[PDB]
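Input: a single structure, listed below in structure tokens.
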Amino acid sequence: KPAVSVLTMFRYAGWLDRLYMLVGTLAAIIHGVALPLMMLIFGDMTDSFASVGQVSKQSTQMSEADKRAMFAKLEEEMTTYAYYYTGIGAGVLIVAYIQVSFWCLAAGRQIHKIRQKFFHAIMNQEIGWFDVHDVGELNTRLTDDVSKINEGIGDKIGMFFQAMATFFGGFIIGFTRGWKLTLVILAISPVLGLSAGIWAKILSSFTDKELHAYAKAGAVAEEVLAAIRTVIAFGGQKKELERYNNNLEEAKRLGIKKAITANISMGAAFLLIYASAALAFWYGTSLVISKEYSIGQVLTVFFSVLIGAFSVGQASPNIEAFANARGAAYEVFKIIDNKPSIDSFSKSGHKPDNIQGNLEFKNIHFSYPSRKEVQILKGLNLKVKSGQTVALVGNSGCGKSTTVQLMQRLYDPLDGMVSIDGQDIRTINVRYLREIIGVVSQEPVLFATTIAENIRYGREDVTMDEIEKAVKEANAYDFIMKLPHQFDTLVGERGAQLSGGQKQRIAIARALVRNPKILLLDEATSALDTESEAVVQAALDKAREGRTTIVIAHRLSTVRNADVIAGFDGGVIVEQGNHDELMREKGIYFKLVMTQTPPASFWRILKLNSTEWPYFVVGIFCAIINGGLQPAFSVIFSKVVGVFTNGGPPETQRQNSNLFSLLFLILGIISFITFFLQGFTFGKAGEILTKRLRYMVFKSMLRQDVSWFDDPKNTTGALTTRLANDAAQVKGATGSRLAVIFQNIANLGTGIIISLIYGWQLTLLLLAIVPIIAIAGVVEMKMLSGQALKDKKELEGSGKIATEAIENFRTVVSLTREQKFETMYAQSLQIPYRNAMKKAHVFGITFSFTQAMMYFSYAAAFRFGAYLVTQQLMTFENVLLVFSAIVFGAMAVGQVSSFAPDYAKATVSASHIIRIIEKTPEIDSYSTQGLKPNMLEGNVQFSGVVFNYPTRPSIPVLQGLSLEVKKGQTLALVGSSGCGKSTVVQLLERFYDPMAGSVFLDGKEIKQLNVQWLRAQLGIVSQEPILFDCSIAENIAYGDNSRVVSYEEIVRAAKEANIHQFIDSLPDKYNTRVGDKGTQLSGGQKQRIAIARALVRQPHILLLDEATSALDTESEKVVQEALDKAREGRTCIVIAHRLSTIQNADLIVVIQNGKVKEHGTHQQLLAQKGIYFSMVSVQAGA
Ligand SMILES: Brc1ccc(Oc2c(Br)cc(Br)cc2Br)c(Br)c1
Ligand SMILES: Brc1ccc(Oc2c(Br)cc(Br)cc2Br)c(Br)c1
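Using the entry's author numbering, the letters of the sequence shown correspond one by one to residues 30 to 626, 689 to 1273.
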């Protein structure tokens, strides 16, 4: 929404840049004007053939006499037009170079200036400007927004003025040569703009319906794949597939309905567009029979008008490129034009010599850019004598850290002044002030250069002698010399990461080369290992003694030797004095001392599509007919102009033109009929395999075992996305792109035959010219992408050192050396600059070549179409036919290169989708094999079970676990922590087979038992019961599948679960909808329902996995009261964390490291004193 003045945007263009644009926009207008004139000449060549075409047939008497006057007229005329034609091509060759080269030159020259001024402005902002802004967005604003500015002031402006030249020049020739066709052509424009307007209303409204349609099926997939362990436990995998299959059935009916309507729309709009044109041309014919406009003049206007009419559309993108570059330049120039109060690039203020370093802080009130929300310093008074070292202590707020901030004048205070020596700090030059102040901060930062270079960031003029004395004066010399490469080592986020105490020592040496008169040490010892802390502390003590120093830290070891200590309470300076005096004061300071002491040939996807042997042959045969039918319109056009140029006696002409225009409209309606078929057939054929694919995938997905659904690769969202994308992508490959790719190869094929079977030596020439200009059009795009990738790689190195400069900004400004990063960024940009200079010459040459290759190709089309061909016995009507036929059949092949990624993006989506079906699990619920015992009573035997989870085979959970529980008794399961308690329930459900050992139920190993039948005897109840969106009766009846459960039966379970108070209180009762879609209720009712569906199954084994986990107050007392009634009649395994409710259990087992540690009845493990006795004691006391 915000934008820039047009003149301010070009503020960096002067002298030559203004001229380049002037000559550039000039030649660009010359380039545009060249095309409608080329069409004006195409009319004069027609009249030459038309005057001879009328007189040649007018004879029917003399023959050799027509070998004289006609050929002579053709000789002087065709040579004149071909001479003019060759001139236009040389014109476009020059102006198209001038057009693109000059504009890309001005673009490259200015963007170089923009990028330097921009980065200079970034480093010029004061710190308070950075505290309110995001540096990451700022750096991306540097590389991206400048690119948008470059796209808008580049060769696009030349293309814009080239287009308006065609537009103006087209309608000028349109009006002057005959303004009775222009107004007729404009009259059909609203119809074409209205038909394409129905497309923007149909596409936008129906694209939501499909994203709405599958969102109902993908919702089924979501609540299923999220509750996968519940449907797996209750075996609803046929139902959840059936539901998904039932929603897929509706999505395909809405998909074929959209295929019917969208193809009716496309064919009707195409027929309206072609009938609109054929009327404007048949109207053109009605004005030639009236002897008002020559047969060649109708072409001259009809072409120049339609050329300039579409030149509007070809200019609209360049308008958006310029406007976007304007608005992109707003926030950029806003930074450049913004002037700071602090500067630091300013050359102003005093530079005191013989600085003795007497600092004082006077009544300083301050607040960080958070402003009126917080005021961290309410008044202040602090002096520090020269040579002394004052220490600042404080409980919190870190108002200590603020004084170091103000001392470098990173901010100016709200009220009060900071005084170095006697002068106010704001009277001293900012840079010189930062140069007389050395800074060592808590987190040290080293730029990605050598050690000597990082030390060289203290002062640019320095020799390795000073570097050596500095690092030796910080006792950092000894440890770096052992490091290889000596001072020439590397540092940074990338490469040679060092100890913290060593990086700080380099930072102390960096600040030591500064030879500052003022020293500021902010928590430099804090957040550092204890051993190396003394090593750095020795250097800090050796860094002072020649300077006045303010130091802030939470280490009260470094503070004793300070001449003065200062305490803060709420930004107010409270206590000050020597260490001993503050202890006698027994104030804040004393208080803090005591406190701290694979693309491949996949035909089988087409073999699955072979379910429909028809519907394809219908579409293909219908598409090839539509292919063979398109050039016949060019054939009709060739003979509407052909018989009119070849007319001779004019009486027969007027009756023939009516017959052709009629047949055209009969071919158009027969084109509409065949287009709707090839669309509908492919559409329906695409929508049905969408169901088959999503059905087989969702079926095979419900086949895999819990081992697969635990994969971090496969989450519920990543599966629904893999489910939607892979099915829609393969539809596009076998869909429109194929019907089109066959319609077009038939379009060229039926066009190339007619052209080859007509004009001799004529088609053979055009077949030498057209492929070369097509290839030359391709190679230009390749060099364009290569230059684009190359320039992306080069400015990346610049923005990389810009990223380092601005992300570590607060450090660089503290060391000044901003001019250093300026010079580095400038040297980095110099290569893309000289690169951008060559880009203009290349871009202009390629564009001018492809334009000249199109214009010269046109001269050879007529000079050969006349002369050798028309001096013989070859007619013009065919040359026109071969033109439209070949040129259109080629431009129809241009759609093959556009649908190419639709094929690759589908094969990759097919690659996954063929494997996701074929993958088979270790435990397949679909296998009908298995025992299915007849004996009801259930035992459970865990024997020697070692189990590790397939996702984390690192820490084992079960190591030699052994339980046994008889029928009708409760097996309590206590554990120190982890799924060691829970893994029992998962293995009994046989979510996994154990690594070693085995688990039995009736004495039969479940591993050889039937998987589905095994889980059919289990009454699983988990922590968070997930209930699908349907009737609570269905959530209850979900407990028994393969049979519809009686209402009184699901009532019995709801009576059993004590949930019946709700189920009758509701208005809908058992038919109420739950799942946070129709109604919402608390977890206690959710659990009771899960208990009901558990015992609707009438299991012989309950499995209660921390059922009271998420529950509170009386809700626990009523759900436990329901669970306690559900067991005692069945085999039961309870792992609940309420050991008070486990007291009445037939056997309590303590799990330890996967082994059973203690076991026995409650009082038995209470008689013993150990883990279970400690478990019952800790949470009974707490
Ligand atoms: Br835009 C444009 C349209 C037609 C051009 O040549 C013609 C011309 Br002029 C007339 C017919 Br019919 C077919 C072709 Br191809 C040229 Br060169 C450029
Ligand atoms: Br009659 C008649 C035939 C073709 C005409 O131009 C074309 C041409 Br040339 C090719 C195709 Br495809 C469609 C149309 Br409409 C015109 Br205008 C009038």
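Yeah, the Cβ is synthetic: ideal placement off N, Cα and C, and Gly gets one too.
Which residue comes first and which comes last in the alpha helix (DSSP H) that contains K429?
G428 to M436
Can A983 be considered in contact with ligand 2, in the sense that its beta carbon sits closer than 7 angstroms to one or more heavy atoms?
no
Do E1249 and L1257 have their C-beta atoms within less than 8 angstroms of each other?
no
Taking Cβ positions, are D174 and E360 nearer each other than 8 angstroms?
yes
With hydrogens ignored, establish whether the beta-carbon of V731 is closer than 7 angstroms to any heavy atom of ligand 2.
Checking the Cβ of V731 against ligand 2 gives yes.
Assigned exposure category for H514 - 16 Cβ within 10 Å defines buried:
exposed
Does the separation of the CB atoms of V601 and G408 fall below 8 angstroms?
yes
Straight-line gap, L920 to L886 (C-alpha atoms, nearest Å):
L920 and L886: Cα-Cα distance of roughly 7 angstroms.
Taking the alpha helix (DSSP H) that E887 belongs to, which residues open and close that run?
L853 to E898
Proximity test, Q746 beta-carbon vs ligand 2 heavy atom, cut-off 7 angstroms:
no
Restricting to Cα atoms, I'd like to know which of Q139, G467 and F712 is closest to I579.
The shortest C-alpha separation from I579 is found at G467.
Should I156 and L388 be called a contact, given that it needs their Cβ atoms to be closer than 8 angstroms?
no
Relative to the C-alpha of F362, which candidate in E552, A32 and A250 has its C-alpha closest?
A32
Between the alpha carbons of residue 24 and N179, how many angstroms are there, rounded?
No information on residue 24 is available, as it lies outside the stretch 30 to 1273 that the chain covers here.
Could you check the C-alpha separation between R258 and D801 for me, to the nearest Å?
10 angstroms
Quick check: the stretch 323-340 against the stretch 55-66, are there 3 or more CB pairs under 8 angstroms?
The answer is yes - the stretch 55-66 touches the stretch 323-340, with three or more Cβ pairs under 8 angstroms.
Taking the C-alpha atoms as reference points, what is the distance between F707 and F147?
59 angstroms
Which same chain residues, not among the five before or five after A357, have their C-beta less than 6 angstroms away from its C-beta?
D174, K177 and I178
N-terminal and C-terminal residue of the alpha helix (DSSP H) that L1186 is part of
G1174 to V1187
Assuming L1064 contacts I1192 (C-beta within less than 8 angstroms), just tell me the rounded distance between them.
Contact doesn't hold; Cβ gap of about 14 angstroms is too wide.
Taking the CB atoms as reference points, tell me whether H1253 and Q1270 lie closer together than 8 angstroms.
no
Considering only C-alpha positions, which residue in the set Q769, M1026 and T37 is nearest to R355?
If we check each option's Cα against that of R355, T37 comes out closest.
Only counting the same chain, and skipping five residues up and downstream in sequence, which positions put a Cβ closer than 7 angstroms to that of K1177?
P1116 and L1118
Is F974 near ligand 1, judged by its Cβ being under 7 angstroms from some heavy atom?
yes
Whole-angstrom C-beta distance between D95 and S85, which should lie under 8 angstroms:
Yes, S85 and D95 are in contact; Cβ-Cβ is about 6 angstroms, under 8 angstroms.
Among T169, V260, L462 and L875, which has the Cα closest to the Cα of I1127?
Residue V260 is the option with its Cα nearest to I1127.
I'd like the list of long-range same chain contacts for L810, defined as Cβ closer than 8 angstroms, with 5 residues on each side in sequence excluded.
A250, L254 and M792
Apply the 10 Å Cβ neighbour rule to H60 and answer buried if 16 or more other Cβ atoms are within range, or exposed otherwise.
buried
C-beta atoms of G770 and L971 nearer than 8 angstroms:
In this structure, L971 does not lie closer than 8 angstroms to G770 by Cβ.
Can you tell me the Cβ-Cβ gap for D1196 and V1112, rounded? I've got them flagged as a contact below 8 angstroms.
7 angstroms
How do the stretch 445-461 and the stretch 383-398 stand: do at least 3 beta-carbon pairs fall below 8 angstroms, yes or no?
Counting Cβ pairs under 8 angstroms, three or more are found: they touch.
Out of curiosity, what's the CA-to-CA distance linking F938 and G956?
27 angstroms
Specify whether the stretch 734-753 and the stretch 691-703 touch according to this definition: at least 3 beta carbon pairs, one from each stretch, less than 8 angstroms apart.
no
Between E1028, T1019, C1070 and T559, which has its C-alpha nearest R1043's C-alpha?
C1070
How should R613 be labelled, buried or exposed, when 16 other C-beta atoms within 10 angstroms of its C-beta is the threshold for buried?
Per the 10 Å Cβ criterion, exposed.
CA-to-CA distance, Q1020 to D1084, given in whole angstroms:
17 angstroms
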